[PDB]
Structure formats: structure tokens, C-alpha cells
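A short worksheet on the structure shown next.
Bear in mind that the values in this text are calculations on the coordinates, not laboratory data. Cβ sites come from the backbone with ideal geometry, for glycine too, and all protein chains shown count toward neighbours.
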Ligand SMILES: CC(C)c1nc(CN(C)C(=O)N[C@H](C(=O)N[C@@H](Cc2ccccc2)C[C@H](O)[C@H](Cc2ccccc2)NC(=O)OCc2cncs2)C(C)C)cs1
Ligand SMILES: [Cl-]
């Protein structure tokens, strides 16, 4: 598919057995998902945006479907106002920016 | 070009006649450049992301070249951690996400 950028590039994702909306974000190294009770072990992390740092929980090897494309990798969970799919998962679904 | 996402999608920009590197950022509504001297009028603004808000100088109608492609639009100048080209200018250069 092709997604234009006139509005935020939001798609449906499936994570943890839940459907959510998330932003496809070429400017994010990592994937940051809103607070959710994912099972299993995690590691504390701090990540920085414009603005400063926030505390997140790093979960590894998390299965996630992005606009129908299955992916597996690290997901950072914490208090974000928007779910962000970053390059660690965008590469897995073969996404490019084109102009 | 087609830009893959294994690496950060950094490109060279020309702004105020100066070369800088900036990140092509589909998750950003706006374009935010590090503190610099820039010709043109400005007004104070705030912009936010992960970590909270920062104060910026909003410059409208600024001529900028992004990877060799011309855009003319709003540039926010302030203490951003990295130079970001957001959707307001990615749309001008005809960028899309594809997978
Ligand atoms: C729900 C509501 C609050 C929303 N507002 C918006 C519109 N807004 C404010 C933005 O787009 N704001 C932008 C932004 O930070 N966008 C963000 C998503 C977001 C939006 C709002 C609230 C929280 C997160 C998404 C952006 O790609 C930023 C860009 C960035 C890159 C490196 C260093 C600093 C910043 N990426 C990150 O936050 O993580 C970046 C990481 C740092 N180093 C490598 S990756 C820019 C202006 C910089 C979208 S959703
Ligand atoms: Cl939008």
C-alpha cells in the first residue's frame, strides 16, 4: 500500500491480542506503545523525544501485526499519547519513503 | 529516491543558505530545526512530543531544499535534539510511505 502524508499516517495494529491505532514513524528508532499489560519479563529503559525523556518498559520478541503485516521485535511500553511504529518494525514490513 | 529504514533517513537540507543534516520524519506534523540564525520574521510558539514541550521560533514561508527538492513553508527553530523534516514539508516534496 501507499500512504500519503497529508494527515498522520495512522494504521491499525494488533498487539497483545488487542487492536490499536498507531503512527508509522520514520523518525523513531524504536516502537513505543501506550500503557498495556503485556505478559512476561521486561527491562527498564528511558527514551528521549523532543521535550525530554520518559520511562518505558522494554519487551522483547513481541508479536505485532501492522496493517496486516506480521512483525516481531522489541516494543517499549509507557505513557505515550500516540502509539508509534518505529524503524525496528517498519523495516520488517518492507516500508520505504519515496519521493 | 526510495529510502529504506535500516538507518535513520537523514538527508542534507539547505536552509538560509546553509547546509544541515535532517531526519525525514513521517511521525512529525511540523518541521523543527536546531537553533540558528535565519532570515525572516518569527513568532513564539510551543511544540510537543515525547517528553513534553519546547519553546520555538515559528518562521513561515521559508525556502528550504530537502535532498535536492524545493519546499517553502513553516519551519520551527529551537532546541530540538535533532533536525526534523515533518509532514508539512514532506508533502511538498511528494513523499509517501510504501510497503
Ligand atoms: C496525540 C497527539 C498529542 C499528537 N500530536 C501529534 C502532533 N505532534 C505534537 C507532533 O507531531 N510532534 C512531533 C513529534 O515529536 N512527533 C513524535 C510523535 C509524538 C507526537 C505527539 C506526542 C508524542 C509523540 C514522533 C517523531 O517522529 C519523533 C521525532 C524525534 C526524533 C528524535 C529526537 C526528537 C524527536 N520521534 C520520537 O519521539 O522518538 C524519536 C527518537 C529519538 N532518537 C531516535 S528515535 C514533532 C513536531 C517533532 C501527533 S499525535
Ligand atoms: Cl492528521
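Inspect segment B:73-84 for any residue being within 16 Å of ligand 2 (Cβ to nearest atom), surrounded by fewer than 16 Cβ atoms within 10 Å (Cβ to Cβ) and either under 22 Å from residue A:47 (Cβ atoms) or within 13 Å of chain A (Cβ to nearest Cβ) (or both) and give the result as yes or no.
no
Quick check, is residue A:51 at positive phi and buried (at least 16 other Cβ atoms within 10 Å of the Cβ)?
Values: at positive phi: yes; buried (at least 16 other Cβ atoms within 10 Å of the Cβ): yes.
Taking the combined requirement at face value, the residue satisfies it.
Pick out, from segment A:1-89, the strands (runs of 3 or more DSSP E) lying fully within it that include 3 or more residues that are more than 14 Å from ligand 1 (Cβ to nearest atom). Walk me through how you get there before you give the answer.
Working: elements: A:10-15, A:18-24, A:43-49, A:52-66, A:69-77, A:83-85.
By residue number, A:10-15, A:52-66, A:69-77.
Just to be sure before I move on: is residue A:66 within 9 Å of chain B (Cβ to nearest Cβ), over 18 Å from residue B:7 (Cα atoms) and over 13 Å from the mean Cα position of the chain (by Cα) in the structure I sent?
Judged against the criteria, residue A:66 is not a match.
Scan (1) within 11 Å of chain B (Cβ to nearest Cβ); (2) under 13 Å from the mean Cα position of the chain (by Cα); (3) more than 16 Å from ligand 2 (Cβ to nearest atom) for the single condition residue A:52 breaks and write down its number.
It fails just one condition, (2).
Being more than 7 Å from every other protein chain (Cβ to nearest Cβ) and buried (at least 16 other Cβ atoms within 10 Å of the Cβ) is the filter here; which residues of segment A:21-31 pass it?
Correct list: A:22, A:30, A:31.
Residues of segment A:1-30 being in contact with a helix residue (DSSP H, G or I) (Cβ under 7 Å, 6 or more places away or on another chain) and under 18 Å from residue B:87 (Cα atoms), which ones? Write out each step before concluding.
Applying the first criterion (in contact with a helix residue (DSSP H, G or I) (Cβ under 7 Å, 6 or more places away or on another chain)) to segment A:1-30 yields A:5, A:24, A:26, A:28-30.
Matches in segment A:1-30: A:5, A:24, A:26, A:28, A:29.
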